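Read off the chains here:
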Amino acid sequence: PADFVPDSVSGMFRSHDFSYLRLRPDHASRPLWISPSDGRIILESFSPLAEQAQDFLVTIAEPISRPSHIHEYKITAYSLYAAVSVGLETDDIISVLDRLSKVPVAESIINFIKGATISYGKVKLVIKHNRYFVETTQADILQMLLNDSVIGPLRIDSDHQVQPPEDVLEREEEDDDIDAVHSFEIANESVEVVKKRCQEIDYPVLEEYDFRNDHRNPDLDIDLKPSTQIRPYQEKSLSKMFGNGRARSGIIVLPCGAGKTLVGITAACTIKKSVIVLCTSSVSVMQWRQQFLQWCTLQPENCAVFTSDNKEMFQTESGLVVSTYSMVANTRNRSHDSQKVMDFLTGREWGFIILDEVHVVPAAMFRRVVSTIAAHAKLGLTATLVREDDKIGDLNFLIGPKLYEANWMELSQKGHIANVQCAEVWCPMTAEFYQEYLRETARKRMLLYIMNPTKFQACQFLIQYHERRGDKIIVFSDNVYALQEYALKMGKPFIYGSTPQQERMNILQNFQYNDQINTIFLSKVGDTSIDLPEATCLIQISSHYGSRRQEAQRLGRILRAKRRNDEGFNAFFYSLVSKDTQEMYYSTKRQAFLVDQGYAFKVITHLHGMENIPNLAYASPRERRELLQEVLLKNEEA
DNA sequence: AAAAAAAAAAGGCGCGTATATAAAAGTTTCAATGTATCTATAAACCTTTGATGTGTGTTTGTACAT
């Protein structure tokens, strides 16, 4: 509602029917011919020079970049919406498609492309010279201010004001769209629904949140601080929040943890206003304050963070703020002095708000921040946008769709993010558990899946292989119930939820730079803390449907957060896939976007040498049939 | 009734009472010095007991097959 779904929907514009091709225009003109109606991308015989052409292709659709002449392409509806930042000559892309009119030129698609170039940069929501107003700016969304009632009748005929930009400032459209068809000064009351009304009245309107163009502020408790540096993937995001008129903001999809505070530093530094920051959990947040927050540009003293047990200095500093949603994303609240903090900052006209990895966060709890801050601008930072909660209003119509993707196979040609060759070992199955798996019921069937004799024979082989060629391991699995049994039946450490803080320390200290106790297991809450800077030998064993997304996201921090820049980087991933079992199809459906990312995958049902393992307990299958007798228990508890 | 041994008894040897003369040899007594031997005593440990952050725990809000 306030936000819009439009941030997780790539792979579109595929305009082609049972008779798509028109009289091949590019048939004669063969310098370049992408799939037009689709928006697909394909080179032409009068034109093979590719590498420099990365950017032009970046404007449209999805490639196949292990393609030879070129990679693939596609149309994208909101994709043109993103392109407005440059906002170049619209027909030029069509003019570029002029040669690329491969079939008879799909003017309809071209119009669709002209349409594909309709919204972004054609935004419409008024603003005024140190205030906000009820007008509109570009053709794509112009009326998204003027004809309105929360933007038009919620646009107030006030003439013009920077100093007069405050009383109203039908709430602060300080982040209004492109502005000023006759712009009626914006008010102070009711856009918390406008953001909902927007797509409700479906205005593809390009929000704009300025750098100094709202003098409801003698611009407030920030200031520019640029000390930072840049790896090859920054600047676009930074200038991505400028546009036309006055500045703006948006949403960006990233493998996070890359000093994303630093990019957060800039835009906040570049508005000098009131801003707050948010992260998941005192479980999660502390990987932020002090190894990647001070090599940067901020003074050492200001901010406060709040848990009323992990509390700070509140009622104290005029400067900026930082908190957690789930803290107040709920009627959860520890010390009523929280409501000594709650009321203002909630009610406070924050210039900007920072939300981070809201991906897992549900509307059923995510709407609180929507109902909490309503800051004049917002930060969009999560893991993945194609989702399971693909529901109606994603945070876009609040902030925007994804602004910057990542880049993996050919920009990382500046910085190698950990060359991957994924492995899935296709271990067959025995009916012995499986027979009563044919007798099972609700997901307590899946426990039987965990009862596979094959995992063991391979499990050590993985440990053996890794150390037979001598590189240490990081493993992935689930369902601790017996997976914990696996651990100290693997000769390897056990890790489990519902665990005291004390014991968490003994895991790493005489363990990291040592070279002997070189194996690890993972829980379902421990993954919410950290992964080692070591052992990119990545082995999946056990997972679970739906979690697949975050499970796949869970795999992310290992490699992408790594940045070392060697020649090859012979790194690999591995996984356990017990054959003839309920999940692998869903795992293939999980695999369905594995090499989507270009980070590839190779399969081995059996390698050269899996059986080389003589230390496996249950070497003969009667212990595996002893296992059957233990296999009963929990599934006889079940 | 007669023989033998000890006491009853005194007077005097011979130097204590002074007593100073002086030398000659030696003693003992007094006080500073040295040392193992009591003790308290406060500074060592060990255990106790009252105050204490907090690991685990009752409500909130959750992807997720079911």
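Residues numbered from 1 in each chain as written, not as in the entry; some residues may be left out. Chains lettered and ligands numbered in written order. Part of a larger assembly, values for the part shown. Heavy atoms only, no water. Residues with missing side-chain atoms left out of burial classes, pairs and counts.

- This entry lists cryo-EM as its structure determination method and reports a resolution of 3.0 Å.

## Considerations on the packing of aromatic side chains
Here is step 1: Between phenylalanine 456 and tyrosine 486, the aromatic rings sit 5.3 Å apart at their centres with planes inclined by 35°, giving tilted as the arrangement. Placement of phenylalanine 456 in helix 14 (residues 454-468) and of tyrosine 486 in helix 15 (residues 480-487) is noted, with a sequence separation of 30 residues between them.
Here is step 2: Centroid distance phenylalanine 456 to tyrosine 618: 5.7 Å. Interplanar angle 25°. Geometry classified as stacked. Residue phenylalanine 456 is located in helix 14, and its partner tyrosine 618 is located in the loop between strand 9 (600-603) and helix 19 (621-637); the two are separated by 162 residues in the primary sequence.
Here is step 3: It is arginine 348 that lies over the ring of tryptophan 350; its NZ or CZ is 4.7 Å from the centre.
Here is step 4: Looking at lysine 455, its charged tip hangs above the ring of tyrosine 449, at a distance of 5.5 Å from the centre. (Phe/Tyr/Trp six-rings, centres within 6.5 Å; stacked < 30°, edge-to-face > 60°. Helix = DSSP H or I, 4+ residues; strand = E, 2+ residues; numbered from the N terminus. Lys NZ or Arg CZ within 6 Å of the ring centre and 35° of its normal.)

## Focus on the side chain of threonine 581
Here is step 1: Note that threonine 581 resides in the loop between strand 8 (573-578) and helix 18 (584-591).
Here is step 2: Apart from residues no more than four positions distant in its own chain, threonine 581 is found in contact with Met429, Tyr434 and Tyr449. (Contact = heavy atoms within 4.5 Å.)

## Some details on the sheet that holds strand 4 (residues 378-382)
Here is step 1: One open sheet accounts for 4 strands, arranged 1-4-3-2; its pairing is parallel. Each of the sheet's edge strands pairs with one partner strand only, and the pair in question is strand 1 (250-253) and strand 2 (275-277). Strand-to-strand, the axes of this sheet are offset by a mean angle of 10°, without reference to chain direction.
Here is step 2: Direction of pairing for strand 3 (residues 352-356) relative to strand 4: parallel, over a ladder of 4 bridges. (Pairing = 2+ DSSP bridges. Axes fitted to C-alpha atoms, helices over the stretch in contact; angles between N-to-C directions.)

## Some points on the pattern of salt bridges
Here is step 1: For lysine 378, the salt bridge identified is with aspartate 175, shortest N-O distance 2.5 Å. Taken together, the positions of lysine 378 in strand 4 and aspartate 175 in the loop between helix 5 (107-116) and helix 6 (194-200) put the pair 203 residues apart, joining distant regions of the chain.
Here is step 2: With a closest N to O distance of 4.0 Å, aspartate 531 and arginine 557 form a salt bridge. Note that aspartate 531 is positioned in the loop between helix 15 and strand 7 (537-540) and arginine 557 in helix 17 (residues 556-559), a separation of 26 residues in sequence.
Here is step 3: Salt bridges linked by common partners bring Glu485, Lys489, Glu630 and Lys634 together as one network. (Salt bridge = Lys/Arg side-chain N within 4 Å of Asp/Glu carboxyl O.)

## Some points on the sheet that holds strand 7
Here is step 1: Strand order across the open sheet formed by 5 strands is 6-7-8-5-9, with parallel pairing between neighbours. Pairing within the sheet leaves two strands with one partner each, and these edge strands are strand 6 (473-476) and strand 9. Each neighbouring strand pair of the sheet contributes to a mean axis angle of 20°, computed without reference to strand direction.
Here is step 2: Of the pairings in the sheet, the one linking strand 5 (residues 421-427) to strand 8 comprises 4 bridges and is parallel in character. For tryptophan 426, the partnering residue across the bridge sits in strand 8 and is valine 577.

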